[PDB]
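Novice: Have a look at this one before I ask anything.
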Amino acid sequence: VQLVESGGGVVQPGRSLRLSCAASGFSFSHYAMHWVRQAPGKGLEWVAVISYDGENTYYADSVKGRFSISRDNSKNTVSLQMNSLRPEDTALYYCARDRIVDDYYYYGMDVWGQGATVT
Amino acid sequence: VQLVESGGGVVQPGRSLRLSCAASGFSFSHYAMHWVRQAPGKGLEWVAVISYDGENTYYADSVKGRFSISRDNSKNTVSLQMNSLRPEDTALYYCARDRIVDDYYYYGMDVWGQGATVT
Amino acid sequence: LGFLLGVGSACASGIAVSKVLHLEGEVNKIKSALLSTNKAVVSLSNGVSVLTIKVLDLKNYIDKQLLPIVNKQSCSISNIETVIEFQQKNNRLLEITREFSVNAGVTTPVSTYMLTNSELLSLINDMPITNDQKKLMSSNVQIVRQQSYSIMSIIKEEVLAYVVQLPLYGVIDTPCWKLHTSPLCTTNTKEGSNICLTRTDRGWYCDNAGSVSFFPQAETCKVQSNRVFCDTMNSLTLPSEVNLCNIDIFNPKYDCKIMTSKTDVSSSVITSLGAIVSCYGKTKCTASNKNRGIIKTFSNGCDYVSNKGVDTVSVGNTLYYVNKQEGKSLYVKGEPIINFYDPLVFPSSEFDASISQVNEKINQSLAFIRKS
Amino acid sequence: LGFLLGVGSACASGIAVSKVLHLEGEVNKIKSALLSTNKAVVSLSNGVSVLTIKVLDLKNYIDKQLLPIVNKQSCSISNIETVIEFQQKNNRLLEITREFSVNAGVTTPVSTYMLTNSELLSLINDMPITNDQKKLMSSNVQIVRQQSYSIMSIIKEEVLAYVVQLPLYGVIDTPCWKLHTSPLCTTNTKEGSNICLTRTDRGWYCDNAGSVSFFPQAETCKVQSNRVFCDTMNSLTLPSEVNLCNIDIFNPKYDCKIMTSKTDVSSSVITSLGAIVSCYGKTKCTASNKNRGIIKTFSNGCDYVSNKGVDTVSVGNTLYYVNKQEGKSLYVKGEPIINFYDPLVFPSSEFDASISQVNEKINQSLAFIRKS
Amino acid sequence: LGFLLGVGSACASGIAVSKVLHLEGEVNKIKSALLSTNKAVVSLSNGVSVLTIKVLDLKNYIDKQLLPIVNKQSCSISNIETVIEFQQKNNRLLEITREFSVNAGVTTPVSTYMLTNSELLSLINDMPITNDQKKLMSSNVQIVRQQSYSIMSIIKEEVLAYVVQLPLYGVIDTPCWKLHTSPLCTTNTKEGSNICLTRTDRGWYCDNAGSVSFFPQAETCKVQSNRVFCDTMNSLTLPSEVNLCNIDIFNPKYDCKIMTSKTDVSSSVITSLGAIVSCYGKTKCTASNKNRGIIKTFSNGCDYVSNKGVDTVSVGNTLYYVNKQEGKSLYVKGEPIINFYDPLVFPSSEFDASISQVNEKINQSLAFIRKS
Amino acid sequence: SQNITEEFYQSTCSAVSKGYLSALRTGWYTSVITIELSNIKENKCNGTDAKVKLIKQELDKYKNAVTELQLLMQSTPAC
Amino acid sequence: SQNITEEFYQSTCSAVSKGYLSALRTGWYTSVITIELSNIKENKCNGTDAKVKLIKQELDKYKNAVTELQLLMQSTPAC
Amino acid sequence: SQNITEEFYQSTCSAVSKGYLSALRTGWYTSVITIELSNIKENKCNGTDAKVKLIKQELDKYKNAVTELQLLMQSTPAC
Amino acid sequence: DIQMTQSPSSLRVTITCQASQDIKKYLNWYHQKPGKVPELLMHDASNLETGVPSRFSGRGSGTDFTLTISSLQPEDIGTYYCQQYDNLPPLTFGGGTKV
Ligand SMILES: *[C@@H]1O[C@H](CO)[C@@H](O)[C@H](O)[C@H]1NC(C)=O
Ligand SMILES: *[C@@H]1O[C@H](CO)[C@@H](O)[C@H](O)[C@H]1NC(C)=O
Ligand SMILES: *[C@@H]1O[C@H](CO)[C@@H](O)[C@H](O)[C@H]1NC(C)=O
């Protein structure tokens, strides 16, 4: 039921970072995937979302153009790609699942996991 | 399952002869009947075929015009009529049945009987 | 007029649900909900809130009693009344697969084995509907069991589940009227010189939220002496001015639908009260009672005979029977509409026309010849 | 020509009778008639003389044996041989309500549980008919049971009665002939330059009291290799001159019915003895035997192949099988009727036309041009 | 376009065989072949080679055990468990005659009682076919049992035989496509001034040995999410250029089929992915989701909505559900074809026309006026 | 002598088969079937025995069939 | 007071019957039915007795019904 | 990679779905099923017992099925 | 007409026969005991009829047809015949050996 993600470490601003998030249990090829990051002690904020099939993507307005998110169903894994990280991205990310199946509209999160840290 | 025929004897060339061939057992009105003759020690040769319905007849090419074949279903017997007999007809005949039911095409012989002799 | 209605999927609201039980981790959710409880409301992964039952609990018998015995190599059942009891319990499960093995998965109507009457009343009682829709289906179980589908959902993870799709009635108690059409035809001694037409907009009409529905199929509707119990899958909506066509045929607000041919046949139509007998050519059209024989003989042309005192309407060689309901009939003594048109020029071949469309064809052909 | 027939009530003679049993003081008359007698003729309050049976007497078992026991608080059945016997008796009554629970009251065909073969022959033997109608239906029980309806009548006053409605055959031993039509079409290399027509009046024809009946539905008729066993509820009568149309198409006594189009398809029609193969355009039309393969190859145009020696007719990709009855076929060597008409001017769009009507359209259009 | 296909005998390859078991001296051959062997290959007198089985051996019980007892005038059965076993064995034979008593000899689909599933797999395994047709038939038993006929053959000479007729699939793994049509109409405020046409060539299309088949009946074909399981008995073949009509409507290689009328109705068509919603006049056409309500409102004219995020399409008062398959849809942004034609002169009445045929009618009518 | 015979006309391409016989259904004949059943109020007797358990089970099933059919009579047949 | 009433128009020869009531099926309502069944591997016990023979015969019938239903799920419904 | 795909043409308002597979029924295959039954003339043995009464009742039901099926063979199937 | 030549005339035994035309598979083989009725061995040149063992075998072709015997048996003596049953009714037997 749980899903695990990796990609920790510290990198100087100017270095790309691609972190994956495996998934087991639930049928991965029927659900959407969300990414949300939280600074230690601060509030949750929303990041890109990839649809279940893979032609629709929506990035956060604050951080757009320098973000890339990819989804694979054969290995049931999701990968997030970033370039030109800036000092206010030091937070704890979260690779979380949705709660509705086979819909092109998105409704919140249902299943979370132990996220990774950057910088 | 057997069918018997009569009409044996000797006649001088120039006298007609009509021999019948009774049948019992199998359904007579669904089969065609053949006539094949055989000289003692020589090979068999085919003479005439009457269809099950009785509107189709095919005499042998060598002996045609002086032959007549008739079929009756009420008395389930077949009668072969000859005239102007010539001395190469002195042989043993055979009244035989086919092996396919209710077809206007003919496929060999299947059931034979004790034939009759002429001249 | 059956080709003008749109085609739609018969049961696409059940196959969609059955495709949700197949994903991993969903069937276990249903099993946990039915823990020491027969009927309980469950929420699927789709987002809907279905209602679930636990009919035919069979594990409590085989697993508890008959399983430890037959696995000991020296089994010995005590008495015969245990065998007979076990044959009755297993009988229902055999009939379900037998009925499912020939329909390839989709069943209609749902049989008594599938969703028994003692439980369908319990399934209706907890539906999220008003207090009047429940009463409608509670006293008409034999109809809501004829418009329902059951589908193979899943047999995975050692449990059998099949979705039962029940109809839901949204519009109740609005007046439905139905009209019957007969081919009125002009009468002449010389055959081939008679033109005539007949209306095609026959079927069931009634209102639906400020509009009027219209089912052209006269056979896909039920009758309980007051209700129709039809469906909107095979209906086409119309503007609310169709009722003016019946009383004012030549109105310009809404044109009616007609079809035309140059042939006539003495054919009758059995209405709810009486028969619209229409005999033409050289035939003997008659209406007779069952205790006094012949009581009426019609002439050429359209005619109407009530069911009060008439029990048999005969045309030519056929002998139609007449329904025996009770209601007040009436006759509007008008004049035939066919006598206006000229038999010389006429659109003899029409299959889907209108009053205006036929009028335009006559107007074009009659005016065109007026040049010279 | 399915629309030209009249629409009538299927079972209006059964519902009418069931409405009589509902009035007060009627069902007691039936009970009094069936007093120590199974079959007896009764007269209703309507005026008809129905025939009644007392199938499945079940009071003699439950009321006499099982009722005094189960009402004593210490019931004790003797042996299991009684329970098994009782389950068999209580099996017919369960199947009746099971079959009535899905059809909502009207059942067709009547199943064996309702009116078994042992009692249907007893019901036929005492009907008020001649000595030939009884003979016909006595040896054809499986057909008269397929055209019979049953209706739930009453359950009031501690008795269950359901009316069984049986067919009654009035016309026996008159010759019925059936004609099969094919779309004869002209052949040309250039597509779109070929016009053609086809006759529409296909079905069953036979006499009824000095006239001819005509069933346009070719599937609502049975066959017992000599009989038709159809019904007059969906038949339109015609004058007795329709037989002259088959041999003399251009007769003025009675015009035939045709339809016209500008399209051709290689379609076959499987008759009783042989197939009317009609291959057009660019297709391979073949008739093959089951033991020798290809034996005939047709050319463009209508053709006829008998069933004597031919067991499989193939057109394009389809493979039709041919019936295997025994009858003397015939071939009338005529000339196609289509070559008379000029392909230049032609009413290519018709759905219900006639030889005269199409002739008039050509006569009008050809003469209209000839002005100047 | 249902009338353009040829009519053929449904089951004429089984009645032919059943007529062969009747002639004298034949049923003994079958009995001799099944001597201490259940399944064996037998050759009939027709030249065919049928495959025979010996299901439900019942002589081994009654003749051996129950026959010597009941003919002694003092019969005495030992125990009750013997009777219960005999009732189960005799139950199958009763059900077969019950199924034949209402169908008059021909049964379809074959029920589990007649040819059980445990046997139909063994009957398929020995059919003289390839190793791919067997795999198709073995994994789709519930479909090949819905297209199989059974005929009561013979009970003569103290043995009961009924012929079971099984389908044989010849063409496998060729791509079948299906098209859906909607009546696109022009939109004008004034009613009666708008024309339209709609394509009638809807159905199933796919190749058959260098050509294309076409099933106009959209209801007589199955679906297993990849296969169609159609039948060629009710299909008309076409030249292989039909696919060019979809992308090039005005091509001269092959003309398409259209029908024309001067009436418009807001009717939808539920496709495999989404609905072709077409709302006209004054109606509220809407596509809604099941969790958010209204999400789209169409305008006048043809429109397409996918099944990704849409779970309900409503037109007027009806509420169509949308199938929920998974595929990549597409939209080809073209321009409506009706805008070319002039509404002044137009063949408003057509039922079976073509692009060329309608073009010719306008070409002749427009040019005829241009004289003077 | 002959039952079935069919002719084919080349001119109109429409065959016809003659020689059949007719059986036309002209009218209906009403017949009433009466089934006698005994009503039972309620079975007051209990017991852990097996033979009596079957009888009470079937009598309850008999009661349900009558009760179910009671409400089916109210609606008129649709035909 | 009155339920059914019918009008007949001589002009158009088309009668109309008024006074009925509507019941239109607008939408569906999904309901899931769950049937609990216990699987069995194979009955290893034999015996020449009659009562045991019936149980083993019926359990075989129960297993076959589940087995034939197992392969019926794979194909999607046709509707 | 993809099975089902659908295209919509705005010009003719007619969508087409591609990617299915064929299974066309070309011809039939005859297969004869033979059921073996034993005839009985008439049961002369009587008795007031219960177990024997069931056997005579069921054998009578077996005989009626054969007798009823006997007259159903004469008529040619209608298809 | 089609004349039929069968060799070796009056000879494991294998007999080969030819035809003047191209007959696909329409060959029947007959076995006549001395003074007895000619019981039919096989039809369509490959399929053996009921009442004969599996020793006999047949090979067919467009031009020539061959009959082969697995092994001689004491009750396997007498003359043999061939027949063709092509499209038209005319049937020709031909010659026969003496085994
Ligand atoms: C055509 O119809 C209009 C109105 O329906 C009418 O005023 C006009 O007179 C008609 N044409 C002719 C030639 O009468
Ligand atoms: C129209 O038909 C009549 C009789 O059918 C014929 O005499 C006349 O010549 C036809 N009209 C023309 C212009 O030929
Ligand atoms: C008739 O059609 C042809 C080709 O379709 C075209 O060339 C011609 O111009 C048309 N007739 C008129 C009068 O325009």
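Letters A, B, ... mark the chains of the structure tokens in the order given; residue numbers begin at 1 per chain; ligand numbers begin at 1, in order shown.
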Give as a JSON list (two decimals) with C-alpha atoms, in the first residue's frame every residue of chain D that touches chain H within 12 Å, counting only C-alpha atoms.

Specialist:
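out.json, written as the output of this step:
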```json
[["chain", "number", "residue", "atom", "x", "y", "z"],
["D", 79, "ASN", "CA", -40.11, -40.80, 8.47],
["D", 80, "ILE", "CA", -38.17, -39.01, 5.75],
["D", 81, "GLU", "CA", -40.19, -40.84, 3.07],
["D", 82, "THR", "CA", -43.02, -38.34, 3.65],
["D", 83, "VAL", "CA", -40.87, -35.21, 3.32],
["D", 84, "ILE", "CA", -39.50, -36.29, -0.07],
["D", 85, "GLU", "CA", -43.01, -37.08, -1.30],
["D", 86, "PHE", "CA", -44.28, -33.67, -0.17],
["D", 87, "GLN", "CA", -41.41, -31.82, -1.88],
["D", 88, "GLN", "CA", -42.42, -33.29, -5.25],
["D", 89, "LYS", "CA", -46.05, -32.16, -4.90],
["D", 112, "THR", "CA", -45.43, -27.68, -19.50],
["D", 116, "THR", "CA", -49.15, -30.26, -19.40],
["D", 117, "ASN", "CA", -49.56, -32.52, -22.42],
["D", 118, "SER", "CA", -51.62, -34.94, -20.33],
["D", 121, "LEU", "CA", -55.27, -33.31, -24.98],
["D", 138, "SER", "CA", -54.28, -33.44, -31.57],
["D", 139, "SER", "CA", -51.25, -34.42, -33.70],
["D", 140, "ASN", "CA", -49.66, -30.94, -33.62],
["D", 141, "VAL", "CA", -49.62, -30.19, -29.90],
["D", 142, "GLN", "CA", -46.18, -28.57, -30.02],
["D", 143, "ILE", "CA", -47.54, -25.86, -32.35],
["D", 219, "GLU", "CA", -40.90, -15.20, -40.28],
["D", 220, "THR", "CA", -44.31, -15.34, -38.54],
["D", 221, "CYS", "CA", -45.25, -18.59, -40.27],
["D", 222, "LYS", "CA", -44.50, -22.20, -39.33],
["D", 223, "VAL", "CA", -43.87, -25.20, -41.60],
["D", 224, "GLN", "CA", -44.62, -28.90, -41.12],
["D", 225, "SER", "CA", -43.57, -29.76, -44.71],
["D", 226, "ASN", "CA", -47.23, -29.37, -45.70],
["D", 227, "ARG", "CA", -48.87, -26.73, -43.46],
["D", 228, "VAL", "CA", -48.28, -23.07, -42.67],
["D", 229, "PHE", "CA", -49.95, -22.57, -39.25],
["D", 312, "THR", "CA", -23.77, -25.17, -51.27],
["D", 313, "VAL", "CA", -24.25, -21.81, -53.01],
["D", 314, "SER", "CA", -21.48, -19.26, -52.42],
["D", 315, "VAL", "CA", -21.65, -15.56, -53.34],
["D", 316, "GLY", "CA", -18.68, -13.30, -52.69],
["D", 317, "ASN", "CA", -17.51, -14.26, -49.20],
["D", 318, "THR", "CA", -20.76, -15.63, -47.74],
["D", 319, "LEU", "CA", -21.64, -19.33, -47.95],
["D", 320, "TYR", "CA", -25.37, -20.10, -47.96],
["D", 321, "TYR", "CA", -26.73, -23.60, -47.43],
["D", 323, "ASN", "CA", -32.70, -26.75, -48.23],
["D", 325, "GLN", "CA", -36.67, -31.16, -49.73]]
```

Novice: Please report, as a ChimeraX atom specification, each residue of chain I to which DSSP assigns strand (DSSP E or B) when run on this structure's backbone.

Specialist: /I:4-7,14-19,27-32,38-43,47-48,56-59,64-69,79-84,92

Novice: Segment 251-263 of chain D: which residues within 7 Å, counting only C-alpha atoms, same-chain residues fewer than 4 positions away excluded, as a PyMOL selection string?

Specialist: chain D and resi 194-201+241-242+245+348-356

Novice: Write out as a ChimeraX atom specification all residues of segment 101-260 of chain C that DSSP puts in alpha helix (DSSP H) for this structure's backbone.

Specialist: /C:117-124,133-138,141-144,243-247

Novice: Atoms to include: N, CA, C and O atoms. Write the selected residues as a short mmCIF file (atom, residue, chain, number, x, y, z; two decimals), in the first residue's frame.

Specialist:
```cif
data_model
loop_
_atom_site.label_atom_id
_atom_site.label_comp_id
_atom_site.auth_asym_id
_atom_site.auth_seq_id
_atom_site.Cartn_x
_atom_site.Cartn_y
_atom_site.Cartn_z
N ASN C 117 -37.48 -11.74 -4.35
CA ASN C 117 -38.49 -10.74 -4.00
C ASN C 117 -38.41 -10.36 -2.53
O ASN C 117 -38.71 -9.21 -2.17
N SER C 118 -38.02 -11.30 -1.66
CA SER C 118 -37.91 -11.00 -0.24
C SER C 118 -36.77 -10.03 0.06
O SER C 118 -36.72 -9.47 1.16
N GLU C 119 -35.86 -9.82 -0.89
CA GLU C 119 -34.73 -8.92 -0.71
C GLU C 119 -34.82 -7.66 -1.56
O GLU C 119 -34.32 -6.61 -1.15
N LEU C 120 -35.46 -7.74 -2.73
CA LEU C 120 -35.63 -6.55 -3.56
C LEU C 120 -36.41 -5.46 -2.83
O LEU C 120 -36.14 -4.27 -3.04
N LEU C 121 -37.36 -5.85 -1.98
CA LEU C 121 -38.07 -4.86 -1.17
C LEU C 121 -37.16 -4.26 -0.11
O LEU C 121 -37.37 -3.12 0.32
N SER C 122 -36.15 -5.01 0.33
CA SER C 122 -35.17 -4.47 1.27
C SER C 122 -34.12 -3.62 0.56
O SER C 122 -33.55 -2.71 1.18
N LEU C 123 -33.86 -3.89 -0.71
CA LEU C 123 -32.92 -3.07 -1.47
C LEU C 123 -33.56 -1.74 -1.86
O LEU C 123 -32.88 -0.71 -1.90
N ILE C 124 -34.86 -1.75 -2.16
CA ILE C 124 -35.55 -0.51 -2.53
C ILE C 124 -35.68 0.40 -1.32
O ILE C 124 -35.54 1.63 -1.43
N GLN C 133 -41.49 7.87 -4.83
CA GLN C 133 -40.87 6.93 -5.77
C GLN C 133 -40.78 5.53 -5.16
O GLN C 133 -40.97 4.53 -5.86
N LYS C 134 -40.49 5.45 -3.86
CA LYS C 134 -40.42 4.15 -3.19
C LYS C 134 -41.77 3.44 -3.24
O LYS C 134 -41.83 2.23 -3.48
N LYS C 135 -42.86 4.18 -3.01
CA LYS C 135 -44.18 3.57 -3.04
C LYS C 135 -44.52 3.07 -4.44
O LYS C 135 -45.18 2.04 -4.60
N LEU C 136 -44.07 3.79 -5.47
CA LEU C 136 -44.33 3.37 -6.85
C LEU C 136 -43.69 2.02 -7.14
O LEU C 136 -44.32 1.13 -7.72
N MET C 137 -42.43 1.85 -6.75
CA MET C 137 -41.73 0.59 -7.03
C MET C 137 -42.10 -0.50 -6.04
O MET C 137 -41.95 -1.69 -6.34
N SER C 138 -42.58 -0.13 -4.85
CA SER C 138 -42.92 -1.13 -3.84
C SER C 138 -44.15 -1.93 -4.24
O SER C 138 -44.22 -3.13 -3.95
N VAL C 141 -43.38 -4.35 -8.15
CA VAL C 141 -42.11 -5.06 -8.18
C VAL C 141 -41.95 -5.84 -9.47
O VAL C 141 -40.85 -5.96 -10.01
N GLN C 142 -43.05 -6.38 -10.00
CA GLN C 142 -42.98 -7.20 -11.21
C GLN C 142 -42.63 -6.39 -12.45
O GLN C 142 -42.36 -6.99 -13.50
N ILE C 143 -42.62 -5.06 -12.38
CA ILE C 143 -42.23 -4.21 -13.49
C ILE C 143 -40.78 -3.75 -13.35
O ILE C 143 -40.02 -3.79 -14.32
N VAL C 144 -40.37 -3.33 -12.15
CA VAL C 144 -38.99 -2.94 -11.92
C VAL C 144 -38.03 -4.12 -11.99
O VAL C 144 -36.82 -3.92 -12.06
N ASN C 243 -49.67 19.32 -29.24
CA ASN C 243 -51.07 19.09 -28.91
C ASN C 243 -52.01 19.93 -29.77
O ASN C 243 -53.18 19.57 -29.91
N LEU C 244 -51.52 21.03 -30.35
CA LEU C 244 -52.35 21.83 -31.24
C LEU C 244 -52.54 21.16 -32.60
O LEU C 244 -53.47 21.52 -33.32
N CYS C 245 -51.68 20.21 -32.95
CA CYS C 245 -51.81 19.53 -34.24
C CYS C 245 -53.05 18.65 -34.28
O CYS C 245 -53.69 18.52 -35.33
N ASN C 246 -53.40 18.03 -33.15
CA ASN C 246 -54.54 17.11 -33.13
C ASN C 246 -55.85 17.84 -33.41
O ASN C 246 -56.71 17.33 -34.14
N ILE C 247 -56.03 19.03 -32.84
CA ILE C 247 -57.29 19.75 -32.98
C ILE C 247 -57.27 20.71 -34.17
O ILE C 247 -58.28 20.90 -34.84
#
```

Novice: May I have the residues within 10 Å of residue 54 of chain I as a PyMOL selection string, using only C-alpha atoms and disregarding those fewer than 3 positions away in the same chain?

Specialist: chain I and resi 48+51+57+69-70

Novice: Would you export the selected residues with N, CA, C and O atoms as an mmCIF file, in the first residue's frame, please?

Specialist:
```cif
data_model
loop_
_atom_site.group_PDB
_atom_site.id
_atom_site.type_symbol
_atom_site.label_atom_id
_atom_site.label_comp_id
_atom_site.auth_asym_id
_atom_site.auth_seq_id
_atom_site.Cartn_x
_atom_site.Cartn_y
_atom_site.Cartn_z
ATOM 1 N N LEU I 48 -10.482 -46.186 -46.440
ATOM 2 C CA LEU I 48 -10.857 -47.593 -46.436
ATOM 3 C C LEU I 48 -12.263 -47.750 -45.869
ATOM 4 O O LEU I 48 -12.594 -47.155 -44.839
ATOM 5 N N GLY I 51 -15.016 -53.147 -42.893
ATOM 6 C CA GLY I 51 -14.978 -54.547 -43.264
ATOM 7 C C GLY I 51 -13.668 -55.019 -43.857
ATOM 8 O O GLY I 51 -13.584 -56.181 -44.272
ATOM 9 N N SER I 57 -3.528 -49.843 -48.501
ATOM 10 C CA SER I 57 -3.264 -48.413 -48.510
ATOM 11 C C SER I 57 -3.326 -47.920 -49.947
ATOM 12 O O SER I 57 -3.171 -48.693 -50.896
ATOM 13 N N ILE I 69 -0.106 -53.022 -50.626
ATOM 14 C CA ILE I 69 -0.530 -53.980 -49.612
ATOM 15 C C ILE I 69 0.607 -54.146 -48.614
ATOM 16 O O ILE I 69 1.758 -54.362 -49.010
ATOM 17 N N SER I 70 0.283 -54.036 -47.323
ATOM 18 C CA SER I 70 1.307 -54.163 -46.290
ATOM 19 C C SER I 70 1.935 -55.551 -46.302
ATOM 20 O O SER I 70 3.162 -55.692 -46.229
#
```

Novice: List all protein, DNA and RNA residues that have any atom at most 8 Å from ligand 2, counting only C-alpha atoms and all ligand atoms, and write the list as a PyMOL selection string.

Specialist: chain D and resi 359-360+363-364+366-367

Novice: Deliver the residues from the most recent selection as a file, using C-alpha atoms, as a compact mmCIF listing (two decimals), in the first residue's frame.

Specialist:
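Below you can see selection_22.txt, which holds the result:
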```
# COMPACT_ATOMS: atom_id res chain seq x y z
CA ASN D 359 -45.31 3.97 -65.78
CA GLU D 360 -47.16 7.24 -65.15
CA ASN D 363 -45.12 8.89 -69.19
CA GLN D 364 -45.38 12.34 -67.61
CA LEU D 366 -41.04 11.85 -71.22
CA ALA D 367 -44.07 13.65 -72.67
```

Novice: For chain B, work out the contacting residues on chain D at 10 Å, counting only C-alpha atoms, and write them as a list in words.

Specialist: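 Residues satisfying the distance criterion: residues 289, 291, 292, 307, 308, 309, 310, 311, 324, 326 and 328 of chain D.
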
Novice: In Å to one decimal, how far is atom CA of residue 371 of chain D from atom CA of residue 369 of chain C?

Specialist: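 Atom-to-atom, atom CA of residue 369 of chain C and atom CA of residue 371 of chain D are spaced 12.4 Å apart.
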
Novice: Can you pull out the residues contacting residue 41 of chain F? Cut-off 12 Å, using only C-alpha atoms, and skip same-chain residues under 4 positions away; I want them as number ranges by chain.

Specialist: D: 67, 70-71; F: 59-60, 62-64, 66-67

Novice: One decimal, Å: what's the distance from atom CA of residue 100 of chain C over to atom CA of residue 45 of chain C, could you say?

Specialist: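 Distance reported for this atom pair: 26.6 Å.
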
Novice: Name all residues at most 10 Å from segment 336-343 of chain E (count only C-alpha atoms; drop same-chain ones fewer than 2 positions away) and give them as a ChimeraX atom specification.

Specialist: /E:184-186,193-198,249-250,301-302,333-334,345-348,359,362 /H:9-13

Novice: Find the residues around residue 281 of chain C up to 10 Å (only C-alpha atoms counted), leave out those fewer than 5 positions away in its own chain, and share them as a VMD selection string.

Specialist: (chain C and resid 187 to 191 264 to 266 300 to 301) or (chain D and resid 238 to 239)

Novice: Emit the selected residues as a PDB file, in the first residue's frame, including N, CA and C atoms.

Specialist:
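out10.pdb, freshly written:
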```
ATOM      1  N   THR C 187     -62.658   7.531 -51.934  1.00  0.00           N
ATOM      2  CA  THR C 187     -63.369   6.395 -52.505  1.00  0.00           C
ATOM      3  C   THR C 187     -63.768   6.708 -53.940  1.00  0.00           C
ATOM      4  N   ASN C 188     -63.362   5.841 -54.866  1.00  0.00           N
ATOM      5  CA  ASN C 188     -63.751   5.935 -56.266  1.00  0.00           C
ATOM      6  C   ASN C 188     -63.899   4.531 -56.833  1.00  0.00           C
ATOM      7  N   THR C 189     -64.817   4.388 -57.791  1.00  0.00           N
ATOM      8  CA  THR C 189     -65.050   3.081 -58.399  1.00  0.00           C
ATOM      9  C   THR C 189     -63.844   2.620 -59.208  1.00  0.00           C
ATOM     10  N   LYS C 190     -63.193   3.539 -59.916  1.00  0.00           N
ATOM     11  CA  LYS C 190     -62.057   3.201 -60.768  1.00  0.00           C
ATOM     12  C   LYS C 190     -60.798   3.116 -59.912  1.00  0.00           C
ATOM     13  N   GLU C 191     -60.222   1.921 -59.820  1.00  0.00           N
ATOM     14  CA  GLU C 191     -59.010   1.728 -59.038  1.00  0.00           C
ATOM     15  C   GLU C 191     -57.826   2.425 -59.697  1.00  0.00           C
ATOM     16  N   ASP C 264     -54.420   1.518 -51.032  1.00  0.00           N
ATOM     17  CA  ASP C 264     -55.310   1.470 -49.882  1.00  0.00           C
ATOM     18  C   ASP C 264     -55.598   0.025 -49.509  1.00  0.00           C
ATOM     19  N   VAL C 265     -55.654  -0.240 -48.207  1.00  0.00           N
ATOM     20  CA  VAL C 265     -55.973  -1.561 -47.681  1.00  0.00           C
ATOM     21  C   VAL C 265     -56.945  -1.396 -46.522  1.00  0.00           C
ATOM     22  N   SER C 266     -57.931  -2.287 -46.451  1.00  0.00           N
ATOM     23  CA  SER C 266     -58.929  -2.260 -45.383  1.00  0.00           C
ATOM     24  C   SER C 266     -58.290  -2.818 -44.118  1.00  0.00           C
ATOM     25  N   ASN C 300     -67.980   2.593 -47.030  1.00  0.00           N
ATOM     26  CA  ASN C 300     -66.623   2.958 -47.407  1.00  0.00           C
ATOM     27  C   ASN C 300     -66.189   4.227 -46.682  1.00  0.00           C
ATOM     28  N   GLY C 301     -64.946   4.236 -46.224  1.00  0.00           N
ATOM     29  CA  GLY C 301     -64.383   5.366 -45.514  1.00  0.00           C
ATOM     30  C   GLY C 301     -64.113   5.047 -44.051  1.00  0.00           C
TER      31      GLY C 301
ATOM     32  N   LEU D 238     -56.544  -9.286 -50.074  1.00  0.00           N
ATOM     33  CA  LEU D 238     -56.394  -8.773 -51.425  1.00  0.00           C
ATOM     34  C   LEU D 238     -57.458  -9.399 -52.310  1.00  0.00           C
ATOM     35  N   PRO D 239     -57.785  -8.765 -53.435  1.00  0.00           N
ATOM     36  CA  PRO D 239     -58.671  -9.414 -54.407  1.00  0.00           C
ATOM     37  C   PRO D 239     -58.019 -10.649 -55.006  1.00  0.00           C
TER      38      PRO D 239
END
```
